[PDB]
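S.K.: No sequence on hand, only this structure:
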Ligand SMILES: *[C@@H]1O[C@H](CO)[C@@H](O[C@@H]2O[C@H](CO)[C@@H](O[C@@H]3O[C@H](CO)[C@@H](O)[C@H](O)[C@@H]3O)[C@H](O)[C@H]2NC(C)=O)[C@H](O)[C@H]1NC(C)=O
Ligand SMILES: *[C@@H]1O[C@H](CO)[C@@H](O[C@@H]2O[C@H](CO)[C@@H](O[C@@H]3O[C@H](CO)[C@@H](O)[C@H](O)[C@@H]3O)[C@H](O)[C@H]2NC(C)=O)[C@H](O)[C@H]1NC(C)=O
Ligand SMILES: *[C@@H]1O[C@H](CO)[C@@H](O[C@@H]2O[C@H](CO)[C@@H](O[C@@H]3O[C@H](CO)[C@@H](O)[C@H](O)[C@@H]3O)[C@H](O)[C@H]2NC(C)=O)[C@H](O)[C@H]1NC(C)=O
Ligand SMILES: *[C@@H]1O[C@H](CO)[C@@H](O[C@@H]2O[C@H](CO)[C@@H](O)[C@H](O)[C@H]2NC(C)=O)[C@H](O)[C@H]1NC(C)=O
Ligand SMILES: *[C@@H]1O[C@H](CO)[C@@H](O[C@@H]2O[C@H](CO)[C@@H](O)[C@H](O)[C@H]2NC(C)=O)[C@H](O)[C@H]1NC(C)=O
């Protein structure tokens, strides 16, 4: 007759009722995303509304169990997830208005087109047109047009929608007993109940800032190096002491500097490692590629892929007759149904991302015996971090050689190694100031510290200081450049990417230490290491049952995120950059601008 | 010579786990070498006698228990290892003299629309003593307050229904189970191989 036994039976009923409902919703949404029809979208929305209604009923029910009287930490967590009022604490009409503007912002972002003024017949949307320009164009004026057209068109529409989005979301979280929407988001990292492993919500700011401080010097030297190399590419447009123009960074916003490798290559004489030519030439079976990833995962002590996966997954582009969503996704439908949706081409980038998504699936396969509400990553960063350690191991030249796409030349100069590390930094450290600043700006906006009349003023002030990037043309408060990113205009938190980048190198160092690796960390391939496999599976199996801090300690020995894995991974490139910038300016000028008056 | 005795083993449909079925077998020629080359049995292990001596033995009384359960729960059909099936649905005596049989039906019991014809008990007052059934639809009420009327806040309907789709994982695909038990008596009936 105890409350705990009553709560246990309630949780049993919820798990068994929700497993089947979630499976029906997942099947319907899969049939939509793999087969875009009106029947499929209506079936998906029907199943999703059924699932949400069941969840809200169970929420109002679970709110009837006084959490404070629960002595079982595992059950208290499941009950807490259910007792979350979420959007329901909003009035009905106000919630409808919030959902309406959310869908409107998502639509205009994914549908916005900009047309060339010289030839109003050429019009491009963000993908693939505008992205093709921002990735491959070397013309300053064309890139500036692309940058300014995307922002001044879609972001201006997004501005008022985004103001209403901010105000309603801050109120809801407050009604849900938080300070702002960022605090709600920061609640994902909150731990409350485990003695010795708890971790507060301001410690995240403390930890993120303390760690970004240590990242600061490495980023400064890479910034100086890239700045000089870009001066050779855009003469008379870049000051040797100023911030980088925002439209020359390799994509529409600067989230990744990937396409600057051609302009920043240290030693272009060495053949830059591209296995795409080897893949097309080697007998190729898209099936075999995904099978090779499967062979990789079994070699470290993990199970095969399920027969359901190989039969229900979509491993090729279905063609012109069948239109599908091609964003690579790893689907955990429930009831042991695991699939991968990918319009795979025979490419090197897709090889690593296939490893990444199948890493997700291995995570998803793991902790399957856990209760429903515990089928999730330790925090929001664990799944992507896992996928990325997979992709690094697959990207090492030793693994590439052992699989047979590289002849056993085994060429590895001290220049071939620095080339690879430089390309990694363009991606890995180029995204850290972007991620930290976006979430810092968003957090402050949610807190109400940035007046409405200085959104863009403070946005670009913060832009300059942290990332070292300056806008090519001035923007008043009519413009709205923060909403020009997908994650911001689609209500996705962004700090997961900062946290996942640090987690992945902690994991990589730990698993390579487990594999007794000796050379530089970036040359480590954890293949054929059942010990590393077990240590990762030992963490994968927890799901959300244990705090992420306890789960992280179980594998790496530390209760918190650490920067030494990343710095040790990049140490050789760091010294090479320090040498290369001796006669170069290090640091940024908070005052130089391209435009004047 | 009158009983294939498998009208049980292969047929159209079986019964639920909470309402498992019993059948008497008599006057039979039990040949189980062809069933060794039958659809592979997920599991076939004997406890009281030898699978290499089965037909030689001439036992008196034989009974057959047939029912359907999930894939992960199948390994609970054994003495000990008490669990959901092993308590609330179908327990075996600790001293057991017989054999247990199970096989997998890929799409026989599973349809594209889904199969919701098999039930199972989740809430019961006490663990079932060996070879017991309780088919009563008594609204379980562990909290003191006995609603007793209908569905309640702390009350629950004790019977749940399997969902079996043709895209499920192996852990919960329809497993079909048959249990053979030879009661120990000093009285003869007609069975031998
Ligand atoms: C919080 O409540 C959960 C129950 O939901 C507790 O977990 C459970 O721990 C018990 C004891 O280890 C498990 O029972 C055992 O089950 C095995 C099954 O083979 C059986 O052979 C044993 O004789 C025993 O009965 C139970 O299965 C397990 N349940 C789950 C869902 O994990 C948990 O221990 C509680 N927390 C604390 C701090 O006590
Ligand atoms: C990367 O590898 C190259 C060789 O593969 C390393 O280069 C070599 O650097 C040494 C100095 O550390 C050079 O020695 C010097 O030679 C000059 C005459 O050229 C002499 O005046 C000096 O007193 C000294 O003895 C050596 O010539 C040079 N070799 C080549 C082929 O360039 C380089 O140091 C490596 N970089 C790192 C970071 O390890
Ligand atoms: C249950 O399962 C199937 C019915 O779907 C039957 O299995 C088999 O029945 C066929 C004949 O209908 C047997 O083929 C035979 O093979 C033997 C040699 O093995 C040969 O001597 C016969 O002339 C005939 O060709 C097949 O072997 C047999 N398999 C087994 C394992 O029995 C079975 O009759 C059904 N019976 C029951 C009681 O459910
Ligand atoms: C996409 O959805 C359609 C239904 O909207 C599926 O239907 C096809 O149409 C009839 C419907 O009964 C089937 O008999 C055909 O065999 C299907 N045509 C095919 C497979 O070309 C269709 O199967 C769905 N596509 C996919 C890939 O699942
Ligand atoms: C790591 O695992 C791979 C798995 O492919 C091993 O590759 C096999 O290596 C043996 C011995 O060299 C060959 O006889 C096989 O033909 C290889 N199979 C292939 C290439 O698919 C590789 O040797 C392992 N490396 C170790 C043990 O460090």
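M.R.: That came through, no problem. Numbering: from 1, shown residues only, chains lettered A, B, ... in the order given. Ligands and ions are numbered 1, 2, ... in the order given.
S.K.: tell me the SS of residue B:177?
M.R.: When classified by DSSP: H, G, I helix; E, B strand; the rest coil, residue B:177 comes out as strand.
S.K.: how many neighbours does it have?
M.R.: By the measure other CB atoms under 10 Å in any protein chain shown, the count of residues near residue B:177 is 22. The way it works is simple: take the backbone N, C-alpha and C, and place the C-beta from them, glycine included.
S.K.: Repeat that for residue A:74.
M.R.: 14.
S.K.: what do you get for residue B:68?
M.R.: Neighbour count for residue B:68, taken as other CB under 10 Å: 25.
S.K.: what's near enough to touch it?
M.R.: Taking CB atoms under 8 Å, 6 or more residues apart in numbering or on different chains, we find residue B:68 in contact with B:14, B:15, B:16, B:17, B:109, B:118, B:162, B:174, B:175, B:176, B:177.
S.K.: Now, of the residues you listed, which are buried?
M.R.: In these, burial by neighbour count holds for B:14, B:16, B:17, B:109, B:118, B:162, B:174, B:175, B:176, B:177, counting by 16 or more other CB atoms under 10 Å in any protein chain shown.
S.K.: any chance of the residues you listed in a markdown table, plus distance to residue A:266?
M.R.: Below are these laid out as a markdown table (distance: CB to CB, whole Å):
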| residue | distance to residue A:266 |
| --- | --- |
| B:14 | 70 |
| B:16 | 70 |
| B:17 | 68 |
| B:109 | 63 |
| B:118 | 66 |
| B:162 | 62 |
| B:174 | 61 |
| B:175 | 61 |
| B:176 | 65 |
| B:177 | 66 |
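S.K.: Which members of those residues are positioned in strands?
M.R.: The strands, defined by DSSP state E, take in B:175, B:176, B:177 from the buried ones among the contacts of residue B:68.
S.K.: got the residues you listed as JSON lines, with distance to ligand 3 columns?
M.R.: Output for these, formatted as JSON lines (distance: CB to the nearest ligand atom, whole Å):
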{"residue": "B:175", "distance to ligand 3": "17"}
{"residue": "B:176", "distance to ligand 3": "12"}
{"residue": "B:177", "distance to ligand 3": "15"}
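S.K.: would you list every one of the helices in chain B?
M.R.: B:84 (DSSP state H).
S.K.: Name the residue of chain A that lies nearest to ligand 3.
M.R.: Using CB to the nearest ligand atom, the closest approach of chain A to ligand 3 is made by residue A:307 at 24.1 Å.
S.K.: Give me the neighbour count for the spatially closest residue to residue A:102 that is not a sequence neighbour.
M.R.: Computed as CB to CB, 6 or more residues apart in numbering or on different chains, the closest residue to residue A:102 that is not its neighbour in sequence is residue A:491, at 6.0 Å. For residue A:491, the neighbour count with other CB under 10 Å is 13.
S.K.: which SS class is residue A:491?
M.R.: Assignment for residue A:491 (three-state DSSP): coil.
S.K.: And residue A:331, by the same measure?
M.R.: strand.
S.K.: Return the residues in contact with the closest residue to it other than its chain neighbours.
M.R.: Nearest non-adjacent residue to residue A:331, counting by CB to CB, 6+ apart: residue A:339, 4.5 Å away. The contact partners of residue A:339, by CB under 8 Å, 6+ apart, come to A:30, A:308, A:309, A:312, A:313, A:314, A:330, A:331, A:333.
S.K.: okay but the last one is in contact with residue A:20, surely?
M.R.: No - if you go by CB atoms under 8 Å, residue A:333 and residue A:20 don't touch, sitting 11.6 Å apart.
S.K.: between those two, who's got more neighbours?
M.R.: More crowded of residue A:333 and residue A:20, by other CB under 10 Å: residue A:333, with 21 against 18.
S.K.: separation between that one and residue A:323?
M.R.: 21 Å (CB to CB, to the nearest Å).
S.K.: How about residue B:146?
M.R.: For residue B:146, the distance to residue A:323 (CB to CB) stands at 57 Å.
S.K.: Confirm that residue A:542 sits in a helix.
M.R.: No - membership of residue A:542 in a helix is not supported by three-state DSSP, which gives coil.
S.K.: Could you find the closest non-adjacent residue to it?
M.R.: Of all residues not flanking residue A:542 in the chain, residue A:551 sits nearest, at 5.0 Å (CB to CB, 6+ apart).
S.K.: who's the spatially most central residue of chain B bridged to?
M.R.: In chain B, the residue lying closest to the centroid (CA atoms, centre = their mean) is residue B:67, at 3.9 Å. Beta-bridge partners recorded for residue B:67 (DSSP bridges): residue B:177.
S.K.: gap between the residue of chain B found nearest ligand 4 and ligand 1?
M.R.: As assessed by CB to the nearest ligand atom, ligand 4 sits closest to residue B:112 within chain B, at 11.3 Å. For residue B:112, the distance to ligand 1 equals 32 Å [CB to the nearest ligand atom, to the nearest Å].
S.K.: The residue nearest to the centre of chain B contacts residue B:90, correct?
M.R.: Yes - Residue B:67 is within contact range of residue B:90, at 6.8 Å (criterion: CB under 8 Å).
S.K.: Show me whatever sits in contact with both of those two.
M.R.: Joint contacts of residue B:67 and residue B:90 (CB under 8 Å, 6+ apart) are B:17, B:20.
S.K.: Tell me where the chain has strands.
M.R.: Assuming you mean chain A. Under DSSP E, chain A gives strands at A:113-115, A:123-125, A:244-245, A:329-334, A:337-341, A:469-470.
S.K.: wrong one, I was asking about chain B
M.R.: Counting by DSSP E, the strands of chain B are B:21-25, B:28-29, B:43-46, B:62-69, B:98-104, B:119-121, B:140-141, B:155-156, B:159-161, B:175-181, B:191-192.
S.K.: Please dump these into a markdown table; it should also carry distance to ligand 1 for every row.
M.R.: Below are the strands of chain B laid out as a markdown table (distance: least, CB to the nearest ligand atom, whole Å):
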| stretch | distance to ligand 1 |
| --- | --- |
| strand B:21-25 | 27 |
| strand B:28-29 | 37 |
| strand B:43-46 | 18 |
| strand B:62-69 | 16 |
| strand B:98-104 | 18 |
| strand B:119-121 | 17 |
| strand B:140-141 | 17 |
| strand B:155-156 | 16 |
| strand B:159-161 | 17 |
| strand B:175-181 | 19 |
| strand B:191-192 | 36 |
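S.K.: Can you redo those as CSV, where the extra columns are distance to residue A:422?
M.R.: What follows is those, written out as CSV (distance: least, CB to CB, whole Å):
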stretch, distance to residue A:422
strand B:21-25, 71
strand B:28-29, 79
strand B:43-46, 57
strand B:62-69, 58
strand B:98-104, 54
strand B:119-121, 60
strand B:140-141, 65
strand B:155-156, 62
strand B:159-161, 59
strand B:175-181, 56
strand B:191-192, 80
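S.K.: Those strands: which one's closest to ligand 5?
M.R.: Proximity to ligand 5, assessed across the strands of chain B by CB to the nearest ligand atom, is greatest for strand B:98-104 (31.7 Å).
S.K.: centre of the chain versus the closest one, how much separation?
M.R.: 9 Å (CA atoms, centre = their mean, to the nearest Å).
S.K.: likewise stretch A:195-211?
M.R.: 21 Å.
S.K.: mind listing what's buried in that stretch?
M.R.: Buried, per 16+ other CB under 10 Å, within stretch A:195-211: A:197, A:199, A:201, A:203, A:204, A:207, A:208, A:211.
S.K.: Now the third one: closest residue in space, sequence neighbours ignored.
M.R.: What that stands for is residue A:201. With CB to CB, 6+ apart as the criterion, residue A:201 has its nearest non-adjacent residue at 4.6 Å, and that residue is residue A:186.
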